[PDB]
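One chain follows as structure tokens, the form deposited in one PDB entry.
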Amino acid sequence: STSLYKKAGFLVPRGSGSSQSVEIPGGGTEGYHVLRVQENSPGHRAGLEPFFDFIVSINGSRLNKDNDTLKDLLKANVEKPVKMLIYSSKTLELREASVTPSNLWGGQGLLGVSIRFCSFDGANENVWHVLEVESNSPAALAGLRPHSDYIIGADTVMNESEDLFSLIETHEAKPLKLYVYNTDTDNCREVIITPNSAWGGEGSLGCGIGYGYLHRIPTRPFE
């Protein structure tokens, strides 16, 4: 009566499992998760990567707290180069990037970068891969697309926790905002979805969901 399974070695992305180590000035673990990066933006010019990058420091000032410090320093340097310390959940490394906030690049905001304050540890894990999408499903109507989209978070009206299925029944009548990364645009976007367990198809979204090493946002072979 022995196991019919054994162990084998496989390649996995470096930004998985237990990270040794972190090397973060300021010593914190939270920072500003870079989500959407607009076209022709200072954030773009600075090479901020959607989903993978975290702004952890500006001009030497560590960003441990969810306040107005980052927004004030940008507002105080509106056309001047600013230095940012960037943490990558992909390379697990820190890099210095120059960025110049501006009102003159024609988009919304001073960075052209949508951010959210959160922790960057196991942030490469909390990803839900959109698989198949039924016709006329809530997922379809909201703009979710099969296989190209990965759900990476939500605008949390109400509060509970973070895993995905644990939101869509609780928003059974109310619209839900989702953070959706796309592997063609390599960018996040806002999707507003109206969950319905009785829409007339699978689940409350009408789409499949994958989680795990088979369902992560892709990474290049080399740094």
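Note that residue numbering follows the sequence shown and begins at 1. Here the rigid core means the biggest group of C-alpha atoms that line up within 1.5 Å when the two forms are laid on top of each other.
There is also a form solved in complex with a partner chain; it is not shown, and the following applies to it.
Enquirer: Would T100 show up as a contact with its partner chain in the deposited complex if we use heavy atoms at 4.5 Å?
Expert: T100 lies outside the contact set for its partner chain.
Enquirer: Applying a 4.5 Å heavy atom distance criterion, does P138 contact its partner chain in the deposited complex?
Expert: Contact with its partner chain, no.
Enquirer: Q38: heavy atom within 4.5 Å of its partner chain in the deposited complex?
Expert: Taking the distances in the deposited complex, the answer for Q38 is yes, it comes within 4.5 Å of its partner chain.
Enquirer: Hey, in the deposited complex, is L70 touching its partner chain, heavy atoms inside 4.5 Å?
Expert: Residue-level check for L70: yes, a contact with its partner chain.
Enquirer: Counting any non-hydrogen atom inside 4.5 Å, which residue from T194, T29, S61, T156 sits next to its partner chain in the deposited complex?
Expert: Contact residue from the list: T156.
Enquirer: Following rigid core alignment, is the displacement of the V22 C-alpha between this form and the one not shown equal to or greater than 2 angstroms?
Expert: Yes, the C-alpha moves 2 Å or more.
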